[PDB]
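Following this are structure 1 and structure 2, which are two forms of one protein chain, each written alone as structure tokens.
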Structure 1
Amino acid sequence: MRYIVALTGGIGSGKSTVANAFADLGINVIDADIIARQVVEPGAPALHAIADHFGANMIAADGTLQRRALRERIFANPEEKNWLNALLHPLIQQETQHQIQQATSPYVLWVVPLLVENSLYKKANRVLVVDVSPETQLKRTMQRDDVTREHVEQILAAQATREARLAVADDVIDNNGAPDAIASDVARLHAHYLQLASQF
């Protein structure tokens, strides 16, 4: 069982800036969002199974999963939510575990945007939260996605509070400012995690 450090943070926390710094130190980074999207990408067996089970309306114009349609369809249908979890959870867990086993670094960085929201923190040895202000989240998302302020407000209202993230945090890193000093902060975390990984 390779030592797992979960990285989490809200929308617009600039998580890639922190993850890249660990990658630069030779840490294998395993991205939960990339894996989840991969499992249901066009041509993937789980996407075919979802379309067969729920219908062709689950497929968007570009061939990808219509995620809103699926959510609405399984919403308040517990049997179908249980079916969808029984399909996707083993597939995602198996790909995640495969990437962990293939990793060569002394510990891995598991990047999980919805770590708190989905109660997944118990799967990691250590939780690092990327801490940012709501203002920073709002600014970065609006510049990134070309979306309205009110649209980001709704996303923030639905995500975890900062106090909620810290409740499961072992480590916090402020990423409100410029990315310039992050590698220096991460260098210290990295040394600590090599120590923690060695005695785990």
Structure 2
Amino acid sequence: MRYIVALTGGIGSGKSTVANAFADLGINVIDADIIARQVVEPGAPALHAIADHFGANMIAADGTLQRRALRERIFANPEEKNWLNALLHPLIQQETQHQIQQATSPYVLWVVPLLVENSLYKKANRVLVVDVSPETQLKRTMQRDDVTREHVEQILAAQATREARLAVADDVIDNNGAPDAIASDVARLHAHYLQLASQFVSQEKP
């Protein structure tokens, strides 16, 4: 078995910065967003199911998914969102499980943007939340995208609140910094996680 530490945070919290810091210590990172992309790659069962359901025009000349087309085709039929999700849900679960089993690091870091929203913390052994102020989320996202404060605040309104995330966190790491202290903070967490992972299979009492 593999010890699973789930990492989550809101838009603009810099989850990648924290994940890369754990990757630097030899931890394998399994990213929910990458897995979702991997399950619709050429050859994947989901791709054929998608073409069969939405039609051949969802497939590009090279056989890959026309994501933009499908993305806009869903918006034009939210009911379709459900069929798609019901299709991909099982596949993402199986591919995620596969990649976790394949990781050889002491424990794995599973990055899940929607950890709180979809209650996926129930599938984690430990929950780490990358925390930052709402201003930081707004600032960074804008500087990385567009439409000033609006648009983004529309995103923050659609995600779980800062407080909702802290409510389910076992550990919290601040990323308002530079990250001047992320390397240090990550090192401390790593030490604890190595300990938790080496004893979790046989530990008789919590």
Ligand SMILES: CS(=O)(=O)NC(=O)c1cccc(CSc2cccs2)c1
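The term rigid core refers to the maximal set of C-alpha atoms that superpose within 1.5 Å between the two forms. Only residues modelled in both forms are compared. Residue positions are counted from 1 along structure 1's sequence.
The form solved in complex with the ligand corresponds to structure 1, not structure 2.
For the two-part rigid motion between structure 1 and structure 2, residue 72 is not grouped with residue 7, each C-alpha going to the part with the better superposition fit. 31 degrees is the angle through which the smaller rigid part turns against the larger between structure 1 and structure 2, based on C-alpha superpositions. Summarising the core-aligned comparison between structure 1 and structure 2, the C-alpha atom of residue 56 is found to shift 6.3 Å.
Fit the two forms on the rigid core and the C-alpha of residue 106 turns out 0.6 Å off between structure 1 and structure 2. Superposing the two forms on their core, we find that the Cα atom of residue 149 is displaced by 1.7 Å between structure 1 and structure 2. Shifted stretches between structure 1 and structure 2, defined as 3+ consecutive common residues each with a CA displacement of 2 angstroms or more after rigid core fitting, are listed in sequence order as 40 to 45, 50 to 86, 146 to 148.
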